[PDB]
Amino acid sequence: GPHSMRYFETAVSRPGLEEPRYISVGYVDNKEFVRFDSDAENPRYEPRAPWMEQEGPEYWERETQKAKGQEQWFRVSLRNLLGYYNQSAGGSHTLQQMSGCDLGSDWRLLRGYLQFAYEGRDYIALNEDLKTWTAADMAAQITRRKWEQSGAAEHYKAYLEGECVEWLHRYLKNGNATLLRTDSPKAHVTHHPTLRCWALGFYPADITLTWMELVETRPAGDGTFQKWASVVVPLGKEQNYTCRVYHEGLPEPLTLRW
Amino acid sequence: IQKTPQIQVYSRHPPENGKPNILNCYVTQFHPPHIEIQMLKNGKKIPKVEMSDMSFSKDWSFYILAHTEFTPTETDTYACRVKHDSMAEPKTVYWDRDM
Amino acid sequence: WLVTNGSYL
């Protein structure tokens, strides 16, 4: 199947301050493996996954210095967006970035991604060709002209076909065991004045419950997830429905009733 | 513009009366990222409530998980209280133990 | 491995 790496970066300007808050989070196959946060007393890039402790000191020193450089880059770009949009530095503003790559079934680069959002809305994004930009509005068109003139797309396309694929290959080799894990859900059913099917303790988050109301899948905090789906039965007719749960951790899909 | 938070409040483990557990306030879909979350017991704030580390989603909206230990009883009520710029006043969400 | 950004916005 496919695989992916992503980095989610966030900068928030702080009025009357020079340094915005900068947070950077790494993801392999949508699982967080690294994080940096400018809020710490001595901020340092840190492993969020067991298999990342296999990397040595030069790794964490280098990623740390990179992150401080990115904090500066977002500080600049924030100042520029104030001008494009004629805003005041008296307000807090938010800039976000998603970058990384998807490897196909053949482990070759399938798709590269680089995109930015301002105030939580799409601003500019590098296209599938890793050559051209899509700008979201008139302000982003300024940036797009700038980046055309500077050839920034080349820098990114190099990274995406570069380091992104390499380091992803290596993060897959390192994280192999852990990343293949599946915890099967444990399920049960409750009656109310309304019957409810609970799936608890499962990983990864993709799951199907079928009898109806349902809640978005939620973290338990312990590395597993929870979901439930319910109906309103005809109050006298019990075994009103059967609850099936399909999840890739189950030897077979479960079946339950009240 | 700003996205108003969605809130779920639930225990990590199925609640038993008297048994040490963890209460979760899961807040999602919001923007800007700055947000303030509190946990309440019979209308009274709980100190020490730990924030998760904040992430954001594919659609750019922020999310986060607040959690603090708790010991459910038959009588005490629990709730989560969220202050965010998208709302003219903070939103409080009761803890329903079978929700 | 974190990408390093190019030209500023």
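Throughout, a chain's letter reflects where its sequence line sits, starting with A, and its residues are numbered from 1.
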With heavy-atom distances below 4.5 Å as the criterion, would you say the side chains of [X] and [Y] are in contact?
X: B:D53; Y: A:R48; answer: yes
X: B:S55; Y: A:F8; answer: no
X: B:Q2; Y: A:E119; answer: no
X: A:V12; Y: B:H34; answer: no

Can you name the closest pair of heavy atoms from [X] and [Y] and give their distance?
X: A:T94; Y: B:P33; result: OG1-CD, 3.4 Å
X: B:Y10; Y: A:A220; result: CE1-CA, 4.5 Å
X: A:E216; Y: B:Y26; result: OE2-CE2, 4.1 Å
X: A:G221; Y: B:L65; result: CA-CD2, 4.0 Å
X: A:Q115; Y: B:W60; result: O-CH2, 3.5 Å

Any donor and acceptor pair, going by atom type alone, linking the side chain of A:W228 with main-chain N or O of B:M99 inside 3.5 Å? yes
Main-chain N/O of B:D98 paired to A:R196 side chain as donor or acceptor, under 3.5 Å: yes
Give, for atom NE2 of A:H192 and atom CG of B:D96, the distance between the pair rounded to the nearest 0.5 Å. 7.5 Å
Supply the atom-to-atom distance B:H13 NE2 to A:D222 CG, rounded to the nearest 0.5 angstrom. 6.0 Å
B:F62: what forms a ring-ring contact (aromatic ring centres under 6.0 Å, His included) with it, not counting sequence neighbours? B:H31, B:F56
Applying ring-ring contact (aromatic ring centres under 6.0 Å, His included), can you list everything that pairs with A:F74, at least two apart in sequence or on another chain? A:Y22
Could you look at B:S11 and say if it's the side chain, the backbone, both or neither that has a heavy atom under 4.5 Å from chain A? backbone
Given a strict heavy-atom distance threshold of 4.5 Å, which part of B:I22 is in contact with chain A: side chain, backbone, both, or neither? neither
So what's closer than 4.5 Å to chain B heavy atoms on [X]: side chain, backbone, both or neither?
X: A:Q226; result: side chain
X: A:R6; result: neither
X: A:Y27; result: side chain

Counting only heavy atoms not in [X], do more than 12 fall under 6.0 Å of its [atom1]?
X: B:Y94; atom1: OH; result: no
X: A:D137; atom1: CG; result: yes
X: A:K186; atom1: NZ; result: yes

